[PDB]
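For reference, the chain that follows is the form deposited in one PDB entry, supplied as C-alpha cells.
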C-alpha cells in the first residue's frame, strides 16, 4: 500500500545509507537516471535489493522479488515494476560482483519502468 511502501522505503534507505557509506545526494540521483560508476552507490543499490529479498549473493530471486513487489507496492506501481522485472530478468546473470550485479539490474528496471521508484 502507499503507507507501507513509504514506511518500508524510509527504513531501508536509512539502513543501507548507513551500511554503505554512500553520499545521500548520489542516492537521490538514482530517481533521476543518474547512475555514476560509484562503488558506494552500487553497494547501496545491492543493500536495498537484499533487504527486499530481490537479490541474494548477487543473484536475482524472481519469485521472492515478485512476492515482495506485490506485498509492498500499490498495484499502480507494482504492475509496471513486475513488467520491467520480466524484461530485465536475465540482465545481471553471471556478473560476479554483487554490487555490480545489482546496479546493472537497477539500470535496466529504470530504463523499462515508466513509473520507477526506489528507496
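Take the two forms, find the largest set of C-alpha atoms that superpose within 1.5 Å, and that set is the rigid core. Positions refer to the first chain, counted from 1. Residues that one form lacks are left out of the comparison.
Stretches compared: 61-69, 44-52. Higher mean C-alpha B-factor in the entry: 61-69.
Relative to one another, 80-88 and 26-34 have unequal mean CA B-factors, and 26-34 is the one with the higher figure.
Placement of the Cα temperature factor of residue 109 within the chain: lowest third of the modelled residues, per the deposited record. When the CA B factors of the chain's modelled residues are split into thirds, the value for residue 95 lands in the highest one.
If you look for the form deposited in another entry, you will not find it shown, but the lines that follow are about it.
In the overlay on the core between the shown form and the other one, a shift of 2 Å or more in CA position is seen for a single residue of 78, 51, 85, 27, which is 78.
With the core superposed, residue 69 shows a C-alpha displacement of at least 2 Å between the shown form and the other one. Identified as moving between the shown form and the other one on the superposed core are the stretches 1-5, 67-80, each made of at least three consecutive residues whose Cα atoms shift by 2 Å or more.
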